[PDB]
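Colleague: Build me a model:
(one chain, ligands or ions: 2)
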Amino acid sequence: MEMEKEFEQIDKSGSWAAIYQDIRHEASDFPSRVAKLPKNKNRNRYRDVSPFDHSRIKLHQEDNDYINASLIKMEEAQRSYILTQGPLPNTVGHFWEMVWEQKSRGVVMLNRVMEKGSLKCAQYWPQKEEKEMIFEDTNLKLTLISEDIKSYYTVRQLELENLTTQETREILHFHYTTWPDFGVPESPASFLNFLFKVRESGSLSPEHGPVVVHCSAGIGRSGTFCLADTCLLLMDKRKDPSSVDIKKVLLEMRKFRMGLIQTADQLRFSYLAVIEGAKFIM
Ligand SMILES: CC(=O)c1ccc(N)cc1O
Ligand SMILES: CC(=O)c1ccc(N)cc1O
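Modeller: Numbering: from 1, shown residues only. Ligands and ions are numbered 1, 2, ... in the order given. Sharing the structure here:
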């Protein structure tokens, strides 16, 4: 079926939970043996969210190459994304090592450091220009260059230096700051505006390594971001845009990381975002 009328048909019939459970039942199951090794317990935020072995990002290190991060490679859309958990106190250096080694231009953050009164990720970037951060375990230096605070999101320019080679690179930090502590946004308008700002920066384009996207577990809000981006790109590429099937795209993405889209409300919100976004594109 088309999307907008499939949408009204699920609303009128109140069957979002049944649609979402079908997706959960059909989703791929692949091994994640490296994630479950005892030496990696303090590298995982949640025991039930792990990268598959076949798609995990490897650190360029011979001691321990593990990070909780996955490469989502969308062949028809010609887009790739790295989805990862919010960094932990003992993985902030690994996080920036990955950004460096994968040649990423942008980092997309969809959570606040504290939500619901608890810490959802480490404070992994500097908050003042004159107070830079050094990650001694991976030999990197990170400096805040500029910060632009808007009503729904903040964009930061960061300098990452590889202290071993003295090479430097400019990284863009795109921080969506207004996702509610509970539920999903009422309108997708600010989320879509944010997606378009990431696109306009070059961070999603083939001349760079894959964008790094995270929330707390790296599957819920993060899944919503890449699902909406890929669906809108396919609607532009195909002769028949009504052929784009958001459930099929989501199941393709779940071949590369488990659990993408965590609730039926996030599924409905993803439909809403693609529907409204397709009108603005034209
Ligand atoms: C030139 C290069 O390798 C490079 C990679 C990533 C980045 N954010 C900036 C850069 O200049
Ligand atoms: C601050 C911001 O929105 C921004 C835009 C374009 C670009 N090439 C780099 C940037 O940091």
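Colleague: Residue 70 contacts residue 83, correct?
Modeller: Yes. Residue 70 lies in contact with residue 83 (C-beta atoms under 8 Å); the separation is 5.3 Å. For every residue, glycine as well, the C-beta is placed using N, CA and C.
Colleague: joint contacts of these two?
Modeller: 218, 257 (C-beta atoms under 8 Å, 6 or more residues apart in numbering).
Colleague: So between the two, which is more surrounded?
Modeller: The residue with more neighbours, out of residue 70 and residue 83, is residue 83; 30 against 25, by other C-beta atoms under 10 Å.
Colleague: quick one: contacts for that one?
Modeller: 69-70, 72, 213-214, 218-219, 222-223, 226, 257, 260.
Colleague: Look up how far ligand 1 lies from it.
Modeller: 18 Å (C-beta to the nearest ligand atom, to the nearest Å).
Colleague: Skip ahead from the helix or strand hosting that residue and say which helix or strand is next.
Modeller: In this assignment (DSSP states H and E), residue 83 forms part of strand 79-84. Remark: after strand 79-84, the chain's next helix or strand is helix 92-101, criterion DSSP H and E.
Colleague: Please say whether there is contact between whatever helix or strand comes next after that following helix and ligand 1.
Modeller: Of the helices and strands lying after helix 92-101 in sequence (DSSP H and E), the nearest is strand 106-109. No. Strand 106-109 lies out of reach of ligand 1 by C-beta under 6 Å from any ligand atom, never closer than 7.7 Å.
Colleague: partners of strand 106-109, with directions?
Modeller: Applying DSSP bridges, strand 106-109 is found paired with strand 167-176 (parallel), strand 211-214 (parallel).
Colleague: Could you look over those and pick the most buried one?
Modeller: By mean neighbour count, with neighbours taken as mean count of other C-beta atoms under 10 Å, strand 211-214 ranks first of the strands paired with strand 106-109 at a mean of 26.
Colleague: Now do the buried residues in the helix or strand just after it.
Modeller: The element immediately downstream of strand 211-214 (helix or strand, assigned by DSSP H and E) is helix 221-237. Within helix 221-237, the residues that qualify as buried are 221-235, counting by 16 or more other C-beta atoms under 10 Å.
Colleague: contacting residues around the single nearest residue of the chain relative to ligand 1?
Modeller: Nearest residue of the chain to ligand 1, counting by C-beta to the nearest ligand atom: residue 169, 3.6 Å away. Residue 169 sits next to 100, 159-161 when contact means C-beta under 8 Å, 6+ apart.
Colleague: So what's the gap between stretch 222-239 and the chain middle?
Modeller: 14 Å (C-alpha atoms, centre = their mean, to the nearest Å).
Colleague: Which residue ranges of the protein form strands?
Modeller: Using DSSP state E, the strands assigned to the chain run over residues 56-58, 66-74, 79-84, 106-109, 114-115, 118-119, 133-135, 140-149, 153-162, 167-176, 211-214.
Colleague: any idea which of those is most buried?
Modeller: strand 211-214 comes out most buried of the strands of the chain by mean count of other C-beta under 10 Å, with a mean of 26.
Colleague: So the closest residue to ligand 2 within the stretch 51-200 of the chain versus residue 105, what's the distance?
Modeller: The nearest approach of the stretch 51-200 of the chain to ligand 2 comes at residue 155, 3.8 Å away (C-beta to the nearest ligand atom). Distance, residue 155 to residue 105, using C-beta to C-beta, to the nearest Å: 13 Å.
Colleague: Need the overlap of contacts for the two.
Modeller: Joint contacts of residue 155 and residue 105 (C-beta under 8 Å, 6+ apart) are residue 172.
Colleague: Which among the strands of the chain is found nearest to residue 94?
Modeller: Of all the strands of the chain, it is strand 66-74 that lies closest to residue 94, at 5.0 Å by C-beta to C-beta.
Colleague: Mind listing the strands that closest one pairs with, and their directions?
Modeller: In the sheet, strand 66-74 lines up with strand 56-58 (antiparallel), strand 79-84 (antiparallel) (DSSP bridges).
Colleague: List the residues that contact the residue positioned nearest the centre of the chain.
Modeller: Centroid-nearest residue in the chain: residue 213, 2.8 Å away (criterion: C-alpha atoms, centre = their mean). Going by C-beta under 8 Å, 6+ apart, residue 213 touches 81-84, 107-108, 110, 222, 225-226.
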